[PDB]
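A.B. asks:
4 protein chains.
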Amino acid sequence: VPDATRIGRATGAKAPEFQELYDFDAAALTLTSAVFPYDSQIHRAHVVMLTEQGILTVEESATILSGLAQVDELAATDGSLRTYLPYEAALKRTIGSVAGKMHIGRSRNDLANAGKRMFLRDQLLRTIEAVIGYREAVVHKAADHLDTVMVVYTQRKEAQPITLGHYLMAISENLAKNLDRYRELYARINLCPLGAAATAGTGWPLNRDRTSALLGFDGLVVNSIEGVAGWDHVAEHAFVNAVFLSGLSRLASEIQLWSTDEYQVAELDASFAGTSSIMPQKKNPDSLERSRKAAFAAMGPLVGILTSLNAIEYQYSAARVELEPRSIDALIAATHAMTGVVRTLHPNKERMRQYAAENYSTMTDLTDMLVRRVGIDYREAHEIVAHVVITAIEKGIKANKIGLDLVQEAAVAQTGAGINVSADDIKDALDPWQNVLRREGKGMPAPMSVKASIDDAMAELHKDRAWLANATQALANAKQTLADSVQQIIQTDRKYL
Amino acid sequence: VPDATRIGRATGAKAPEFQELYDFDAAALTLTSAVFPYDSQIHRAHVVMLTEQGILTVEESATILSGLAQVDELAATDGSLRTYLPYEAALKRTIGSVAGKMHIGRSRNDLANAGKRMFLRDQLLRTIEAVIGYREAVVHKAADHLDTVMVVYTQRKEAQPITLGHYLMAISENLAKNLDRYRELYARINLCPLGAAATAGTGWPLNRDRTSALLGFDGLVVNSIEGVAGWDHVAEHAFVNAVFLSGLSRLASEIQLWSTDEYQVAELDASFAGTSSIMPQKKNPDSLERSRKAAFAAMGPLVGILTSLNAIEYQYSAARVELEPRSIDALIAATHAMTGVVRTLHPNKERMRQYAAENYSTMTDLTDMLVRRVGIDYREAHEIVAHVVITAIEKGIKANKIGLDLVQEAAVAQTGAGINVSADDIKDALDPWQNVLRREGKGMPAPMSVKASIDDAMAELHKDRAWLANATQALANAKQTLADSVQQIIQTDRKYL
Amino acid sequence: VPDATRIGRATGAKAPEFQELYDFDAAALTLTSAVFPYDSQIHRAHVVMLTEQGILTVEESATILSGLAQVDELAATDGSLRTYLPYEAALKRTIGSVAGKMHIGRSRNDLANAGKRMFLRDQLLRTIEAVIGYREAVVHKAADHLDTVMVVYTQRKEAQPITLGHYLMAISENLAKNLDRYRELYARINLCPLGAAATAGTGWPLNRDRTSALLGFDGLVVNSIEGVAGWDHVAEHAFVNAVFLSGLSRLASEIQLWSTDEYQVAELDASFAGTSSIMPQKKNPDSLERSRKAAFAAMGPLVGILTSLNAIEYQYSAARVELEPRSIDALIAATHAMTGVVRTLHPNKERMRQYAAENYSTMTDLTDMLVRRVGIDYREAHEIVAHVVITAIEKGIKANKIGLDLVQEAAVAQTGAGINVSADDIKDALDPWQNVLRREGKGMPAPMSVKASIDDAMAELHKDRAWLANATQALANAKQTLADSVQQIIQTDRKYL
Amino acid sequence: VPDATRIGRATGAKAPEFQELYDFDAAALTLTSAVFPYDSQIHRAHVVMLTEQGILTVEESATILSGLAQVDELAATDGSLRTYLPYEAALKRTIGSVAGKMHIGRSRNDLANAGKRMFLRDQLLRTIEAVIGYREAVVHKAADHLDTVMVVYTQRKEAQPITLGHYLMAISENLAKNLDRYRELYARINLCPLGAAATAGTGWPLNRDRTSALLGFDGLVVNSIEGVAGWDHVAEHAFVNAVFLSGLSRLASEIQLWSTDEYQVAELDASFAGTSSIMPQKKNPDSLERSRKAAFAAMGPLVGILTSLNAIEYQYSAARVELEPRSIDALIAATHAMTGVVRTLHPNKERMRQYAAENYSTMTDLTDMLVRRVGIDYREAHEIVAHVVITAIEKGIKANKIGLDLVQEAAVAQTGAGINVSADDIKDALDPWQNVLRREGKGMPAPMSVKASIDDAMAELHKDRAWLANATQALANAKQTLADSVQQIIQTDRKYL
Ligand SMILES: O=C(O)/C=C/C(=O)O
Ligand SMILES: O=C(O)/C=C/C(=O)O
Ligand SMILES: O=C(O)/C=C/C(=O)O
Ligand SMILES: O=C(O)/C=C/C(=O)O
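Residue numbers (our numbering), protein chains in the order written: chain L, 1054 to 1550; chain W, 1054 to 1550; chain C, 1054 to 1550; chain Z, 1054 to 1550.
Shown next as structure tokens:
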């Protein structure tokens, strides 16, 4: 059975990244099912620490640890075992009364806070990975379009000539700062609240540092109230998602206008567009609009979470709103979709140049030339060139057809006086590519300036990947260190007891 | 004329911090009037750079710079001159046509982005200052209440014994992370977009680094589109305000419950409470409720800003929502009010202790003691002690009156078997102060543990103040460097030209 | 296997309404799966109308209609068939090329708008039913507590004496107005956009009224753009949900304070409370806090939907955010939970009376008595009684122990003059039940006044149920009328063709 | 001094409605100053009722009423007198101790709730007036453009031919339903809470109906708790503002795309456009973007209000967020601005027609013609015409140049078979005006169908104005009835006492 939406102008298959936008909602896990595997890691790390602190015997610990493996497999198909007390009771039915001792010095409150942090932690690295891939495609695309002259817009009106590469590097700088936000957030998510128990700690002599290290945390949530009442990292995760996706909506919207039947300065790759069930001419920006949809929806969790925090005391509370898997899955799908949109975008270079040459985005350079050549102030030069545009539009004269006669008329009609410039000055001022070349300072569209920004971004991207690789490897090491400690307890018991 | 609200139980005057909550709304500036002084600084810094780049003659520059001082004073009483083009036109009427040259290589777009950043920058240091003062009062208050035994709550139910000092250090840790958020934000606000002009830079050879340095920025917004389209720092400023104030609402709510007629474990200082026009018995938490009001209201700008970014392209746009002075003023007023609330709070130490001793928050330690002494698992010990509580409540027996007989009954009724513990074990387990002393690990309420957290917080507070002092001094130095460069141009012209 | 959370003080099973709060998230349908059955109703109603308009032959219509039944059953187990074009293609594979004719004069745009309206329509009647059951329990509970004297609070401080019945009838009036909001919304949801096709209608001679009537709509969305671009009913549905649940959060919060260990003026029924895995004394308000959680979360869809509308043009758009089943399911679960909370709530009548008599909520009546008996203005009487309270608190004198001596002292100390009232006047003024009886105007807590409000509410509830019964029956009639028309076409073909 | 922004292409003056967008922020009142005049009306109405109930003597009443006039005039220049207790104290200093008796049976709680309702009530009629003027301009504009053929868009892609009049009547239907929302809200705002006093009523025998009638309310908020705790009408006012403005943003956005340099199918009137300080060619949609800005900002109050309600109990609370004058003023300014935008919009009729004829929006009619003429199913006809478009685009053939040859090729290439249609069938199918004429059902763009919608809208507008006139006159009558009752008391005292 084929994809029934790939009819008419919707040729070929959906790009896989495009298809993600349609699949994440039905495939998303509940928070309970997403967090459960991390809870079972906490059970092991907590039991190991209890053993090392002499609170559990090795026999007790080994019996518990082996039971966890059994119940975990039961919970793979029995969802009722994915919350704590049902899980603890199933462990009791599996290994006996000793199961109850794994909760010594512990509560559902610090267990849940820690487990949710571990889930958000992995999802944050997953997000940073996707955002890096987004930035990579943006920069790589820019490197191929240093000569792609086109107009930049302000207030949805043509402003001045730039290049497509110059535009994309604005997105690169946006993404660099959102990656900073995410990395800054990671340092606050990756703190271990275990040891706070209900909210006040415990009399049992826990080693909170050992539990934290075994679970991959880089530090503690120290105060025990903050350990269970702390929720700002959840709100912040929701916010960075929201603000990052607002910039993704803006690019999607920008490309959607580029790809209107009226602009026709860019076209979506067939693999990122759909069509209509009724209108055969439609090549619809489904990828862009469903990406924006996800950006709008990300407003919801942010408001729900902050509302819930505004509604309570500084306590553990079951009334706090969560950041759910389906919200994060939507962000990833949208980020992947726009990664592919950018990679496969087809700019219409000729029409881009045509607009730059014909639709008066070069008038600023004409104004600047008057100021530079004859020394009038900018406001006076501005009034003259404005008159040029008004007259040119009235007469149907494209910007690249503006000449000495029209400029002299405007100056006379506006000041009563001619103005001392040549037809070559005017010609050079109205050449959109010369407009680009002259804008060669930092962050400006001249190829050498955009090229420099690309070089800096490629260096920053290397550091982005390095930060991600180190954070990921640190978690993998701790997770392996924990698995080793678990088997060693089990082997010690099997061998000597 | 006296404060007519200070009647009956509302004795004395409002604390000044309390009064701030009533004054900020009517006293708040428009964004235009708040940003205008920074725009005039930009005019000077931009003109200086134009002069150093040989774009303006010294005569032109000096004439402009002296005119700015004149128009600035006019704008002190003529609000119509607080937007750019009216200001430029007034400068033209004051010094002549040369006024128009101060806009060379510049736009309202990068002028406004930079000016708003300078405003938010100062307001961010103002906020960091206030939050530091908030944390100082919280830590200083904690240092005086290491022995103030009281219950901590979870889900608005008494949980376990702690101390007031232990609770306040949860707030200290919350504020430390919000100070990190604010400092992280500062690095993104303190970037200079000047030189982007409309959105694509300019052909004029500007020195963007010089303009940035003269205005106190620590770096550039490089890409010219990002310079004018960039708005994420505004959304982020709104967010940190929102999440920080949500924690302030939670403390306000916590104290409001403490100070209910039913809890009576704390009382507001008369200078932070009001009364009713009809009910003479009322001592109302006006300070707390208007502080929460400001926290709820801070949700608004965050949503408005993010909505506006989700609604546009990655362009300069006049449709973007701003963070306004009155919102920031509300945060400061609430932060100052809660600073004073915490400083002057009157805890009722005797009733705090009474609840800890009588209302069963010590049952966990009783449970832990069974596990420790006889070795039963925690779940079984938990069921027994639960039976103790049920029976004690039925019989009207306060927790500190629970003895050997009642514990043995519960064990028998629940397991058919007695349990091997002494009356001294039970007595020690139900002593709320011993509950506190036993919780002596990291972040737990034992005095030595809270004392350690205070010591660390005092060290962190020293670094908070140091970061603030350095950031503030850097702006003062640049502002003085700019004033010097302005006079030197004016003096050079007066002397030689 | 038993409910492992029902341990210790969590006796018995969860009330079913309580359990709903734990089940709705994992059980919720996607919007696609929830809307799909309504789409298949639209296919039938649209085909019937095409037949009656002579666009389809009876043979064609009968073949299509019988195929719909076959594909519907396939889609019961094949989720891929729950969007239109896969469904249309499966119908094609089932009955042949004629399947494509069911889309004549139609689009996915007006099909989806109509199908989602039908879904929200049924969910709105479901919500109105639940809210009615909520109000019924509130009023019925009030009828049993006309004598249950207790204090009302303002700003979380005891204010004046009322009754529990009086408080609950405030909730009844709140719910009456939310039922008006919902009924007003229903009239805007129950409009049929079918016939708009893509956005501009069609050349085919459709009978839009017939399609609308067959699907239970009470009218048309006339303009074809509004038919597909119209989305305000979705935003409004989200809003009424949000504001209704904010009042439910406020009642939940009110009861949670009542049931604190410090108030102890009400207690949750065991079937609506939980306990702690660590603290055996906990009787936790899980029902209340998860109900508030749902109220906070309802903020999310409202913001997401409105953001998406603010982000587009007045067009059909795939970027619009939806109101999803899981959000509505959460509201129902919370409404059912609070319905049972109210029904089974255990007020502590004796302690309610004690607070009313002892904690100075009667001071207003004492003030009013001075004004009435000696004729002083209210502000002067207020200052005297305030002095009474201050002195009584200082001396540890409960309000019901205030006598002639203390009142005369305050008057002297405050005015230098005694005051002409008797000890019987004071006694009557400080009697909390007399406070209630004297408040006998409209909407006041006196039994006869609350009884009147109950009578009016019982009459309004009869009209609520009548409106719901009529709306529900109208849909059932249209749905049966449609099923009949479908079989008749099928029978006509089988018999004559 | 001229408007310095009216330079270059920004010719003439701003339209006054355009200028409103720049003035409302600095001119907006605080809520305190906006509500104060209504509070003084309440003082009079409450005193009158106290007199009629025999609680005040005529001498007392007359002395108070005359003092109110004096203090009101003082408060015109002394803002400190615009809150109750300062006002009451100034009245005391003016007429003596008797001033305190105006507060008998009353609180700041029900005074403030009622006063804010009266303010929102007037602002709601002001809003309904503005929205009516908005709808009038939309319908009147539509009546002049029944022949203005143009394409409608879906997903920002050309869809099918319509007319400008047809598009505007979608807005008319949107506004009709928002007027229903506002009128429905009015019935809930226009309820009087006076008589609730603090929250529990009073022992004084007030006539709540008389006070309500004197102040223009159409009924009571009955229950006294609901009278002071009730806030849903504030949230609802914020919501209708938000959803109404979201539709205004969508029209603004739609027109902004129409007026891009690339569409060029409409142009703003010079009086609703601005220009750039740097780019002389700019004709900027400042009116549209600042209108959308106000729509985004309206999200803020809605979220702040609902958050505050979610944060409290069902009590009077000072923590509740308000709907402020500046938010309402922004809506009015945006509504007035878009009223003028629509009135003065310059459609480019020739280019509108050109797009309709050339850019393939007529392909649906071509598809429908195949189905109608040869009887193939719609999906097969759709695939053929899709092939026509693909081939036509490849060959650069405008839609109106598609002929018999190209259609036969597509049919052959796609089915191997020709198709039995004439060149005249194709020609008629591709004629965009015939596309419009054929869409003649209800709500479709055919002139006779749009004309009918206009006739119905003109009838509905007459009823809109009639509802507004009646509501306004009812308030004017009550306000005059109150002024008369005040003088009569004053005259009775002056004459006989
Ligand atoms: O699939 C449809 O029926 C319409 C799609 C569109 O609006 O382009
Ligand atoms: O000032 C009043 O009238 C009431 C205050 C309160 O509710 O406590
Ligand atoms: O279930 C727990 O571990 C704690 C519950 C509570 O905070 O009361
Ligand atoms: O006024 C300016 O400087 C730029 C305006 C624009 O972006 O069009």
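Where a beta carbon is used, it is the ideal one built from N, C-alpha and C, also for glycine.
Residues with a Cβ closer than 7 Å to any heavy atom of ligand 4, in chain order?
C.D. replies: Cβ atoms closer than 7 Å to ligand 4 belong to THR1207/L, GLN1208/L, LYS1210/L, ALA1212/L, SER1160/W, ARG1161/W, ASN1162/W, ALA1251/W, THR1252/W, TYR1369/W, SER1329/Z, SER1330/Z, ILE1331/Z, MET1332/Z, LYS1335/Z, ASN1337/Z.
A.B. asks: Just list the residues that DSSP pairs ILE1215/L with in beta bridges.
C.D. replies: Taking the first sequence and counting its residues from 1, the one referred to as residue 1215/L is at position 162. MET1203/L, per the DSSP bridge assignment.
A.B. asks: Kindly indicate if chain Z contains any beta-carbon less than 7 Å away from that of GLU1377/C.
C.D. replies: If you number the third sequence from 1, residue 1377/C lands on position 324. Output row for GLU1377/C: interface = no.
A.B. asks: Under 6 Å Cβ to Cβ from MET1102/L, same chain only, skipping five residues before and after it: list those, please.
C.D. replies: Position 49 of the first sequence, counted from the start, is the residue given in the question as residue 1102/L. The answer, listed in chain order, is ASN1260, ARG1263, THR1264.
A.B. asks: Are the C-beta atoms of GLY1061/W and some chain C residue less than 7 Å apart?
C.D. replies: Here residue 1061/W corresponds to residue number 8 of the second sequence, with the count starting at 1. By this cut-off, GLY1061/W is an interface position.
A.B. asks: Run down chain C in chain order and give the residues with a C-beta less than 8 Å from the C-beta of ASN1162/Z.
C.D. replies: Against the fourth sequence, residue 1162/Z aligns to sequence position 109. Neighbours of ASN1162/Z on chain C, chain order: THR1207.
A.B. asks: What does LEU1273/Z pair with, by DSSP beta-bridge criteria?
C.D. replies: Position 220 of the fourth sequence holds residue 1273/Z. According to DSSP, which records beta bridges pairwise, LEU1273/Z is partnered with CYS1245/Z.
A.B. asks: Entirely within the region 1321 to 1350 of chain C and at least 3 residues each: give me those beta strand (DSSP E) ranges in chain order.
C.D. replies: If we require 3 residues or more, the region 1321 to 1350 of chain C turns out to have no beta strand (DSSP E) run fully inside it.
A.B. asks: Does the region 1176 to 1185 of chain C come close enough to the region 1381 to 1389 of chain C that 3 or more CB-CB pairs lie under 8 Å?
C.D. replies: Verdict: yes, contact present.
A.B. asks: Give the residues from the region 1070 to 1086 of chain W that approach chain Z closer than 7 Å (Cβ to any Cβ), ordered along the chain.
C.D. replies: Answer set for the region 1070 to 1086 of chain W: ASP1078, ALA1079, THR1083.
A.B. asks: Can you tell me whether DSSP reads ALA1319/C as helix, strand or coil?
C.D. replies: Taking the third sequence and counting its residues from 1, the one referred to as residue 1319/C is at position 266. Strand at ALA1319/C.
A.B. asks: When the cut-off is 7 Å and only beta carbons count, does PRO1055/C lie next to chain W?
C.D. replies: Position 2 of the third sequence, counting from 1, holds the residue named residue 1055/C. It does not; no Cβ of chain W falls within 7 Å.
A.B. asks: I'd like the span of the alpha helix (DSSP H) that includes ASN1530/C, first residue to last.
C.D. replies: Against the third sequence, residue 1530/C aligns to sequence position 477. Counting along the chain, the alpha helix (DSSP H) containing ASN1530/C begins and ends at 1500 to 1549.
A.B. asks: Could you tell me the distance, in whole angstroms, from the CA atom of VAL1274/W to the CA atom of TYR1137/W?
C.D. replies: Position 221 of the second sequence, counted from the start, is the residue given in the question as residue 1274/W. Position 84 of the second sequence, counted from the start, is the residue given in the question as residue 1137/W. Rounded to whole angstroms, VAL1274/W to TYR1137/W spans 22 Å at the Cα level.
A.B. asks: Which same chain residues, not among the five before or five after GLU1105/W, have their C-beta less than 8 Å away from its C-beta?
C.D. replies: Indexing the second sequence from 1 puts residue 1105/W at position 52. Closer than 8 Å at Cβ, skipping near neighbours: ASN1260, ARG1263.
A.B. asks: With distances taken Cα to Cα, identify the nearest neighbour of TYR1413/W among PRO1485/W, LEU1376/W, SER1380/W.
C.D. replies: In the second sequence, residue 1413/W corresponds to position 360, counting from 1. Closest by alpha carbon: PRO1485/W.
A.B. asks: What does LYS1154/Z pair with, by DSSP beta-bridge criteria?
C.D. replies: By one-based count along the fourth sequence, residue 1154/Z stands at place 101. Answer is none; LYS1154/Z lacks a bridge partner.
A.B. asks: Whole alpha helix (DSSP H) runs in the region 1129 to 1200 of chain W with 4 or more residues, listed along the chain?
C.D. replies: As far as the region 1129 to 1200 of chain W is concerned, its whole alpha helix (DSSP H) runs of at least 4 residues are 1137 to 1148, 1161 to 1196.
A.B. asks: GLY1158/L: which of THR1420/W, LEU1483/W, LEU1341/W, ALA1223/W sits nearest, CA to CA?
C.D. replies: Numbered from its first residue, the first sequence carries residue 1158/L at position 105. It is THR1420/W.
A.B. asks: How would you call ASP1508/Z, buried or exposed, if buried means at least 16 neighbouring beta carbons within 10 angstroms?
C.D. replies: The sequence position of residue 1508/Z within the fourth sequence is 455, counting from 1. Counting Cβ neighbours within 10 Å, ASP1508/Z comes out exposed, since fewer than 16 surround it.
A.B. asks: Expressed to the nearest angstrom, what Euclidean distance is found between the alpha-carbon atoms of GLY1120/C and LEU1144/C?
C.D. replies: Numbered from 1 along the third sequence, position 67 holds the residue referred to as residue 1120/C. Numbered from 1 along the third sequence, position 91 holds the residue referred to as residue 1144/C. The straight-line gap from Cα to Cα measures roughly 6 Å.
A.B. asks: Give a yes or no on whether the C-beta atoms belonging to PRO1400/L and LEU1376/L are separated by under 7 Å.
C.D. replies: Residue mapping note: residue 1400/L aligns to position 347 of the first sequence, counting from 1. Residue mapping note: residue 1376/L aligns to position 323 of the first sequence, counting from 1. Not in contact: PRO1400/L and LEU1376/L (Cβ atoms no closer than 7 Å).
A.B. asks: Return no unless some Cβ of chain Z is closer than 7 Å to the Cβ of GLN1334/L.
C.D. replies: The count along the first sequence starts at 1 and reaches residue 1334/L at position 281. Yes - at least one Cβ of chain Z is within 7 Å of the one on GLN1334/L.
A.B. asks: From which residue to which residue does the alpha helix (DSSP H) around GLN1106/C run?
C.D. replies: Working through the third sequence from its first residue, we reach residue 1106/C at position 53. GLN1106/C -> no alpha helix (DSSP H), and no H or E assigned at all.
A.B. asks: Measuring CA to CA, which of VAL1184/L, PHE1292/L, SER1277/L is closest to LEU1232/L?
C.D. replies: Your numbering for residue 1232/L matches position 179 in the first sequence. For the residues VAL1184/L, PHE1292/L, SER1277/L, the minimum Cα distance to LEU1232/L belongs to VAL1184/L.
A.B. asks: Are there three or more Cβ pairs, one per stretch, closer than 8 Å when the region 1220 to 1228 of chain C is compared with the region 1244 to 1260 of chain C?
C.D. replies: Cβ pair count under 8 Å is below three, so no.
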